[PDB]
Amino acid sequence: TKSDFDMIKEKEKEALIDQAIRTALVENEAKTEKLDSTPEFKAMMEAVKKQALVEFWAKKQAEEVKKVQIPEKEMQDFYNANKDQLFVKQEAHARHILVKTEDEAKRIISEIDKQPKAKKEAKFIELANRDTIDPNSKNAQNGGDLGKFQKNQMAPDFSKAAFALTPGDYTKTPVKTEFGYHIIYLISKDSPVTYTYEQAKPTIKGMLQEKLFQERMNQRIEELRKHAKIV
């Protein structure tokens, strides 16, 4: 149906057409008022245009990369070289305590060292509630509990230390993070299980295509630079 000039294509259908009509009426009025000729409007339209030109070009390059056949050896070599970083699933449960100075940390660790086995985690819980400067933990008073997490979910040096422990054990030397020094207690830790090559393969193809696509974009962009007047 038609609102003045503009074209639009059960009983609910009518209500929809009513909304469409109202919208066309506002569009027409906005054009009549020349709101698309305000600088703000023009600026916004060109930002959108630039963004969309860049994204369509990207899609074009991606569609050309998706055509390239990735060799089996390249996916198997990627699997062998990156499985232990990318395809091992291992959930840990741990508590931590964060402090300002490596000395404070050392003293806390000393306070745990002297506990009987039965009282180790309780002591840790108490020291976390008393001394942590992790604001989340300090506020929750949950004994420095981090819940369950993967190695690729915490900062690398924290994750390494946590996963290197065996359950029931804590770090005997403080751990350096930018937030300060951590003492970590491991409650539990699953045995690592790696995804098999056949299970990782589609993911691997996608990661190698992503790699080709980014290299291709950077190659193309450098060719465009060498043929452009930049000042």
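One-based numbering along the sequence shown.
In terms of unmodelled positions of the deposited sequence, the stretch from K9 to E10 in this entry skips 10 or more residues.
Looking at 125-133 and 152-160 together, the entry lists the larger mean B-factor for 152-160, computed on C-alpha atoms. The mean C-alpha temperature factor is higher for 97-105 when 97-105 and 73-81 are set side by side. Among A118, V88, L146, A140, the highest C-alpha B-factor recorded in the PDB entry belongs to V88. For the set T196, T166, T38, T203, the maximum C-alpha B-factor listed in the entry falls on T38. In the deposited entry, the Cα temperature factor of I221 sits in the middle third of values across the chain's modelled residues. When all modelled residues of the chain are sorted by CA temperature factor, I187 is found within the lowest third. In the PDB entry, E215 places in the middle third of its chain by CA B-factor. In the PDB entry, a CA B factor belonging to the middle third of its chain's modelled residues is recorded for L25.
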